[PDB]
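Notes to accompany the following structure.
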Amino acid sequence: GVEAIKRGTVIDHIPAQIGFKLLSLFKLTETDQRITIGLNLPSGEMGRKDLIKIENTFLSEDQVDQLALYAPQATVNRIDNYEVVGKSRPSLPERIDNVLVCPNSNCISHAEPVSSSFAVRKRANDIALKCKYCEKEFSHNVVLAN
Amino acid sequence: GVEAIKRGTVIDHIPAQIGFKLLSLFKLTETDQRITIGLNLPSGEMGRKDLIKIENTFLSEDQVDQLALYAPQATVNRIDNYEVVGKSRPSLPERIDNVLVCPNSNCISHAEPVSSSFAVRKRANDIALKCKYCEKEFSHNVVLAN
Amino acid sequence: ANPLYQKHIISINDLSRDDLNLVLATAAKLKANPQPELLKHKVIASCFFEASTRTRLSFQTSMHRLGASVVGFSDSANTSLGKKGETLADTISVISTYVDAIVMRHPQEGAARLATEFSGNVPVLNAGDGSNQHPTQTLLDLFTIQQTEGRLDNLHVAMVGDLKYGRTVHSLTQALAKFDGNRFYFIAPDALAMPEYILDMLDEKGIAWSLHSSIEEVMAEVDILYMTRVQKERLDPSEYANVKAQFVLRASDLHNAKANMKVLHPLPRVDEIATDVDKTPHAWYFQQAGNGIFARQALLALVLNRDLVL
Amino acid sequence: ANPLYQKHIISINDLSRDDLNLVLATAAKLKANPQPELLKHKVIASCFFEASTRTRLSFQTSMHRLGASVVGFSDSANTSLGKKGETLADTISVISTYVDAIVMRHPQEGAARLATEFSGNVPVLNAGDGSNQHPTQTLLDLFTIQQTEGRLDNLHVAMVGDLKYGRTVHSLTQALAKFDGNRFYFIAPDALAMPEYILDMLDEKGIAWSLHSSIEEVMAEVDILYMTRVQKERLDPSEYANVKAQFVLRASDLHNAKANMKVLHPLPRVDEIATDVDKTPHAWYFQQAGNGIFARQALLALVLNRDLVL
Amino acid sequence: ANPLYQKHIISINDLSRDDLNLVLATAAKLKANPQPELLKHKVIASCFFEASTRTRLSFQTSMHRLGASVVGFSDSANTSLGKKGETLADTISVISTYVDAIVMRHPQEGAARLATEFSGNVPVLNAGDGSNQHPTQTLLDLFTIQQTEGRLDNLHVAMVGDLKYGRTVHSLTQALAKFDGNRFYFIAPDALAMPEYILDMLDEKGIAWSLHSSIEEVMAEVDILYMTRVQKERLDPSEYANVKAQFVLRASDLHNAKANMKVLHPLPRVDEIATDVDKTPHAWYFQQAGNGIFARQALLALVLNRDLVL
Ligand SMILES: [Zn+2]
Ligand SMILES: [Zn+2]
């Protein structure tokens, strides 16, 4: 197979110059297991895609709901003993906690010891995101600005 | 088992735990080339190594030497149309410029538009770095920050 | 057991058409017949981390007219948050080991919601958080609108001023969107305009709003003209072009106004309502201020008493 | 042309025993036979973005005593780096288009090295970059030490005080590890002790150095007692523990001192060298400061004239 | 005696095409053949009640390069105008009794014209009076523009930035509406747009001017791109909306630029001209600043010497 694993995850249809941020974010190097990253491979419809292969390791909820907001294109594949036990795409959540950082300078989230939380409306335009604290809603792009 | 490569550079024998640190440190991923990275690999020589293949890309004399700061046992394989045309290897460079930041708060290098630079020095356990500007020597470990 | 008993009164969004009407019904009642020891033996925290004359002094007088006791501060300057450097989370924690409900004003948005995550059992009632919510304002405004118009459905309500940073107008456009058939008219400097998030919601519920450069262009159609102050203290440097009031009401402009029409203003007001308006049968912001005693008495009664019979 | 003509002078670490020796020989000449017109028609920038009495006024008096013009600033408050917000890099770029050499004092280490990237073909002489280097200080010290002790090789030199921020002692310990069999005793607090990097350079050339907790321990053995002032402005607030001179010297202590011995100090002196020492034969700091005139004109001459003066 | 001997230089509006041309011809001479003693025995005041790097140091280096003495102040804090409370009018009256010419920088528009009422027979050269005029800036611009573009007539000149407080661009737009068929494109914000009075003078001489919202719109057509810095200290707090350079230029943009084209800027530059432009052939601002030396010595010479130098 275009690389291979018994148990584990293989994420595919990752946008170019997204796989490396994903390696960063989900801490995928804090791991002792084999990893294959196919940076900036192809994808017939959308030219090049990055692909990551976490051997005998699977992702938790948090990470995939993140993965939705960072990659609504990717498809995450549960491989046990080489059979793709399941190959599932992400659907957005209700609410993202503790990774987004509120655009509002005067948001209390900053100064005080609290894990953030954001509410997610799916705007026909994009993804509107609302702070738990200041109640300001933002464009997903305003927020995800790396 | 990673990939077949027509022409370029394959830094092989990266100590496992450093391949990601390198692709980040020297902007290797900021490319449109197909990169294929094997994180955590069985070597025998080292229990585990890492390994990066950058297709249609070559590293310079100084480029490769910069790697010795993080990877003296790496081997940089220069490849022309499947032939291992070269087996390059990093000595200490005499200066690493533009990738590091001086631990000295009151150095000019922070405030002003100049690239950074450090005279590299093999001291007596690790490698010492001397800023061009404030002229204070720092342990290379320190230089790689907190 | 009553519905607002033990609740945190943070955002108008959290409160419903009926929680709102329950307060006003209560209000009219403590205004009709007073309850001087309803809250006898209750101790309440007045925590004002930001300046106030009305919200603190109304809230405090309410507490006293119901027999409750007050403890608090007027500024963090003196606290150990403001001098020894403790967090607000820790501050709300020990203060909740002391009192029965916490009233707080606070310069950052969302402080209020943060307080609840640390008050345990004690109800937290928001006196204003930066430019976000001011729900106790709204209740007294709803009370004052009811008294004058006899209805909270189908009005023509004009909001004039700093709509961006105004927490009063934020809370008020959200409670009135809970009633039927209310027409809105926003008159702001566009750099100090109504947040699109409120507008989205107004659109999501099919309510009608409209922007206008004049006040004379709407005087004729309104029931309530709600004036606001430019929030100097909240303005960003880009906005200093916007400190002095754009639209300023004078007694002469009221000339083609509906006889029922009232001028409401949260207060303080700077230069935006000329004092000649104060001598008219349209001026009403001082009456409105008085009505803050009855809606804050109502709300304390409801959160601290499990059943009210009055 | 001579060894240093158009050469920037930034650190003692970039000069040989030989450039130092040239500079002192030329000072020796120049003190004996003045050269009034030596730099007649030259204009030099005197740019102190830091404070000064000695280095500014000795360098502008030396330029004047060789026929040159001085333009510049003693303060940065009124430059456009000071109020219009420019980078050093552009100050230096425009000032290069005007004057023939730049003398610069600055609060950040590395300012002078930064200035050479932009001074074009103009030399940049370092009047002191934060707590790194002071190369022309060292030159009037070497001049004064040889003038007094007859030699610059095989001297027992004690450096007492703030060795961490002592830009003077950084350069002087580097200049003297170029001549042979020089002996160092370093008497600082721990907090403000000699930089590690310095001691390395000392171990590598096999120079004999040693730490000490008393002037009394070194008194008899030493030749040059080099005293420093705590670099008050350069300390960390953690370091404010030692803002007063741990070691302070009085004339009493000179009781067991070697007849030849000289007390050298860069100045200012605050508490560390008692005024009674001023009457002794050992006190030599006002003498060392006047030697700033000849070492400093020796320098200018060598960098702006090809022909080594006589 | 020559056209400008003892003539005060206050505004470009008081000089002809002919005085400008004299000044540039004389600079052209003076750059080729120095005149070391031309003003030997003259003393000039350099009086900056404002901040400066370029104008102070280029004028005091030019005086020095023609044999003159400079007396003066870079700051007003320690004059008696600064602490004993005197009027400008008396500073100027006593300073007239001492020096042969006065160069003055001041924060109030009109300071220099005010100084001529009191300087007696002494010329007053304007180093910049608030946001009105900067006549000697214009002279090194004309010098530089002709030096580069070969001519001063029939040039497409774009002036980008703060045209309201741009004392530089007030004088330069007036100097260039003296030569023929020069073309202006003015790219400012509205708030900080070119003064009306300027445009009138432009309509009356039938000069072709036009406003634009992009460097990209003018790039291909232009010859001189003249860039300004937002006059941060001169803004109204209402104007603080645009303190950052709306138009900022990078080397990318030079993609579609005319081979001859030069980027001129008075300096300081803060954010508006990106450092990558510094490597291009088009960047000419450090060159333009050095031309301050010769235009400025051309000037002094003409005002303090009867005989036009050669
Ligand atoms: Zn927030
Ligand atoms: Zn440094």
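FYI, nothing fancy with the structure tokens labels: chains A, B, ... in order, residues from 1 per chain, ligands from 1 as they appear.
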
Margin query: When DSSP is applied to the backbone of this structure, which of chain A are assigned alpha helix (DSSP H)? Write them out as a ChimeraX atom specification.
Written below: /A:19-25,61-70,108-111,140-143

Next item on the list: Write out as a list in words all residues of range 180-250 of chain C that DSSP puts in strand (DSSP E or B) for this structure's backbone.
Entry: residues 183, 184, 185, 186, 187, 211, 224, 225, 226, 227 and 249 of chain C

Margin query: Using only C-alpha atoms and a cut-off of 12 Å, which residues of chain B sit close to chain E? Please list them as a list in words.
Written below: residues 112, 113 and 114 of chain B

Margin query: Can you work out which residues are within 12 Å of ligand 1, considering only C-alpha atoms and all ligand atoms, and then hand them over as JSON, numbers by chain?
Written below: {"A": [100, 101, 102, 103, 104, 105, 106, 107, 108, 109, 110, 111, 112, 114, 115, 116, 117, 118, 119, 129, 130, 131, 132, 133, 134, 135, 136, 137, 138, 143], "C": [108, 109, 110, 111, 113, 114, 129, 130, 131, 132]}

Those residues you just picked out, can you put them in a file as a short mmCIF file (atom, residue, chain, number, x, y, z; two decimals), in the first residue's frame with N, CA and C atoms?
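Below is the file out03.cif, written as the result:
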data_model
loop_
_atom_site.label_atom_id
_atom_site.label_comp_id
_atom_site.auth_asym_id
_atom_site.auth_seq_id
_atom_site.Cartn_x
_atom_site.Cartn_y
_atom_site.Cartn_z
N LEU A 100 -8.68 27.72 20.87
CA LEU A 100 -8.78 28.99 20.13
C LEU A 100 -8.48 30.18 21.03
N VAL A 101 -8.04 31.35 20.56
CA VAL A 101 -7.76 32.44 21.46
C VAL A 101 -8.61 33.59 21.01
N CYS A 102 -9.39 34.12 21.95
CA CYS A 102 -10.32 35.16 21.61
C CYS A 102 -9.69 36.47 21.14
N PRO A 103 -10.05 36.85 19.89
CA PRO A 103 -9.75 38.15 19.29
C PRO A 103 -10.02 39.35 20.18
N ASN A 104 -10.90 39.31 21.19
CA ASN A 104 -11.26 40.53 21.90
C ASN A 104 -10.10 40.78 22.85
N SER A 105 -9.45 41.94 22.76
CA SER A 105 -8.29 42.26 23.55
C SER A 105 -8.76 42.30 24.98
N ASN A 106 -9.88 42.98 25.20
CA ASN A 106 -10.46 43.11 26.53
C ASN A 106 -11.22 41.89 27.02
N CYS A 107 -11.12 40.73 26.35
CA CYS A 107 -11.74 39.54 26.83
C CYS A 107 -10.98 39.05 28.06
N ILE A 108 -11.79 38.69 29.09
CA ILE A 108 -11.36 38.28 30.42
C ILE A 108 -10.58 36.99 30.33
N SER A 109 -10.82 36.22 29.25
CA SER A 109 -10.15 34.96 29.00
C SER A 109 -8.64 35.01 29.09
N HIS A 110 -8.17 36.18 28.72
CA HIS A 110 -6.77 36.43 28.67
C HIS A 110 -6.13 36.43 30.03
N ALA A 111 -6.52 37.44 30.79
CA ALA A 111 -5.94 37.69 32.10
C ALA A 111 -6.15 36.64 33.19
N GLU A 112 -7.22 35.88 33.10
CA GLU A 112 -7.63 35.02 34.17
C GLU A 112 -7.45 33.56 33.83
N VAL A 114 -8.73 30.72 32.82
CA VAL A 114 -9.79 29.88 32.28
C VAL A 114 -9.53 29.34 30.87
N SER A 115 -9.78 28.04 30.72
CA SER A 115 -9.79 27.40 29.42
C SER A 115 -10.88 28.07 28.60
N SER A 116 -10.49 28.55 27.43
CA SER A 116 -11.42 29.12 26.46
C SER A 116 -12.56 28.20 25.97
N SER A 117 -13.61 28.79 25.41
CA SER A 117 -14.66 28.01 24.80
C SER A 117 -15.31 28.95 23.79
N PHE A 118 -15.60 28.31 22.68
CA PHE A 118 -16.19 28.93 21.52
C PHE A 118 -17.34 28.09 20.98
N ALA A 119 -18.42 28.79 20.68
CA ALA A 119 -19.64 28.27 20.11
C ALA A 119 -19.50 28.39 18.59
N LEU A 129 -17.85 31.97 15.10
CA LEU A 129 -17.37 31.43 16.35
C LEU A 129 -17.67 32.37 17.51
N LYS A 130 -18.30 31.94 18.63
CA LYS A 130 -18.68 32.85 19.71
C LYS A 130 -17.91 32.54 21.00
N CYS A 131 -17.32 33.55 21.65
CA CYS A 131 -16.69 33.42 22.93
C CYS A 131 -17.73 33.20 24.01
N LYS A 132 -17.34 32.26 24.85
CA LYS A 132 -18.08 31.96 26.07
C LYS A 132 -18.11 33.15 27.00
N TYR A 133 -17.06 33.95 26.98
CA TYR A 133 -16.99 35.00 27.95
C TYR A 133 -17.46 36.34 27.47
N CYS A 134 -16.87 36.95 26.48
CA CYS A 134 -17.25 38.28 26.08
C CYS A 134 -18.52 38.39 25.20
N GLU A 135 -18.99 37.20 24.76
CA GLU A 135 -20.08 36.98 23.85
C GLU A 135 -19.97 37.56 22.45
N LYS A 136 -18.77 37.96 22.04
CA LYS A 136 -18.51 38.43 20.69
C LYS A 136 -18.28 37.16 19.83
N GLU A 137 -18.88 37.22 18.66
CA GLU A 137 -18.87 36.17 17.68
C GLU A 137 -17.92 36.66 16.64
N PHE A 138 -17.15 35.79 16.01
CA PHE A 138 -16.15 36.23 15.04
C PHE A 138 -16.24 35.31 13.83
N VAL A 143 -10.43 34.38 13.95
CA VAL A 143 -9.96 33.55 15.05
C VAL A 143 -8.78 32.72 14.59
N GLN C 108 -13.33 44.44 32.13
CA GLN C 108 -13.27 43.50 31.04
C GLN C 108 -14.57 42.82 30.78
N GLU C 109 -14.78 42.60 29.50
CA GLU C 109 -15.93 41.82 29.06
C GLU C 109 -15.74 40.35 29.37
N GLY C 110 -16.81 39.97 30.00
CA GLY C 110 -17.01 38.58 30.39
C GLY C 110 -16.59 38.29 31.79
N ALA C 111 -16.40 39.28 32.65
CA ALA C 111 -15.90 38.99 33.98
C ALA C 111 -16.85 38.20 34.89
N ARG C 113 -19.52 36.19 33.70
CA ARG C 113 -19.51 34.77 33.37
C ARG C 113 -18.33 34.10 34.07
N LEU C 114 -17.11 34.63 34.10
CA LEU C 114 -15.98 34.07 34.82
C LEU C 114 -16.34 33.94 36.30
N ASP C 129 -20.28 44.56 32.32
CA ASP C 129 -18.92 44.10 32.07
C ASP C 129 -18.26 44.72 30.83
N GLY C 130 -17.63 45.87 31.00
CA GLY C 130 -17.01 46.46 29.85
C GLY C 130 -18.10 46.86 28.90
N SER C 131 -18.03 46.49 27.62
CA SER C 131 -19.01 46.98 26.65
C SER C 131 -20.05 45.93 26.28
N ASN C 132 -20.03 44.79 27.00
CA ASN C 132 -20.96 43.69 26.72
C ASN C 132 -22.43 43.77 27.18
#

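Overlaying chain A onto chain B with least squares across the full set of in-order Cα pairs produces an RMSD of 1.8 Å.
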
Item checked: Distance criterion (only C-alpha atoms): nearest to residue 23 in chain B out of B:96, B:5, B:67, B:74 ->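 With only C-alpha atoms as the atom set, the closest residue is B:67.
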
Item checked: Counting only C-alpha atoms, chain B residues within 6 Å of chain A, as a ChimeraX atom specification -> /B:34-40

Note to self: I'd like the contact shell of residue 139 in chain C - 10 Å cut-off, only C-alpha atoms, skipping same-chain residues fewer than 5 positions apart - returned as a ChimeraX atom specification.
What the structure shows: /C:12,20-21,23-24,27,134,144-145,171-172,175,291-292,294-296,298-299

Could those residues be written to a file, using N, CA and C atoms, as a tab-separated table (two decimals), in the first residue's frame?
chain	number	residue	atom	x	y	z
C	12	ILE	N	-28.80	39.18	28.75
C	12	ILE	CA	-30.21	39.19	28.38
C	12	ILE	C	-30.51	37.95	27.57
C	20	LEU	N	-38.43	37.96	32.10
C	20	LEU	CA	-38.45	39.39	32.00
C	20	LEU	C	-39.76	39.96	32.53
C	21	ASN	N	-40.86	39.46	31.99
C	21	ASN	CA	-42.18	39.87	32.45
C	21	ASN	C	-42.44	39.51	33.89
C	23	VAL	N	-40.20	39.80	36.26
C	23	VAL	CA	-39.57	40.85	37.04
C	23	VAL	C	-40.46	42.09	37.06
C	24	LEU	N	-40.92	42.49	35.90
C	24	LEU	CA	-41.68	43.72	35.79
C	24	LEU	C	-42.97	43.65	36.61
C	27	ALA	N	-42.03	44.12	40.05
C	27	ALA	CA	-41.56	45.47	40.21
C	27	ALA	C	-42.69	46.39	40.56
C	134	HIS	N	-25.51	44.68	30.07
C	134	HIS	CA	-26.01	45.43	31.20
C	134	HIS	C	-27.50	45.08	31.40
C	144	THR	N	-39.82	51.14	32.63
C	144	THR	CA	-40.09	52.53	32.25
C	144	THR	C	-40.79	52.59	30.91
C	145	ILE	N	-40.48	51.75	29.92
C	145	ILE	CA	-41.17	51.76	28.65
C	145	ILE	C	-42.62	51.31	28.88
C	171	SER	N	-28.01	44.83	25.51
C	171	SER	CA	-29.01	44.18	26.31
C	171	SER	C	-30.45	44.54	25.93
C	172	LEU	N	-30.71	45.84	25.71
C	172	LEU	CA	-32.01	46.31	25.33
C	172	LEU	C	-32.33	45.84	23.95
C	175	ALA	N	-33.66	42.16	24.61
C	175	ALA	CA	-34.89	41.85	25.32
C	175	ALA	C	-36.12	42.25	24.48
C	291	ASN	N	-36.97	54.43	38.55
C	291	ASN	CA	-37.43	53.07	38.36
C	291	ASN	C	-36.37	51.97	38.48
C	292	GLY	N	-35.09	52.30	38.68
C	292	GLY	CA	-34.04	51.33	38.92
C	292	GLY	C	-34.13	50.78	40.34
C	294	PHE	N	-37.05	49.88	41.86
C	294	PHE	CA	-38.05	48.82	41.85
C	294	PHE	C	-37.64	47.58	41.08
C	295	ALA	N	-37.11	47.67	39.88
C	295	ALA	CA	-36.57	46.51	39.17
C	295	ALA	C	-35.37	45.91	39.87
C	296	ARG	N	-34.50	46.61	40.58
C	296	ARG	CA	-33.42	45.92	41.30
C	296	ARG	C	-33.90	45.25	42.62
C	298	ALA	N	-37.02	43.97	42.76
C	298	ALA	CA	-37.66	42.80	42.19
C	298	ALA	C	-36.78	41.56	41.96
C	299	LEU	N	-35.67	41.84	41.30
C	299	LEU	CA	-34.66	40.89	40.90
C	299	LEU	C	-33.93	40.24	42.05
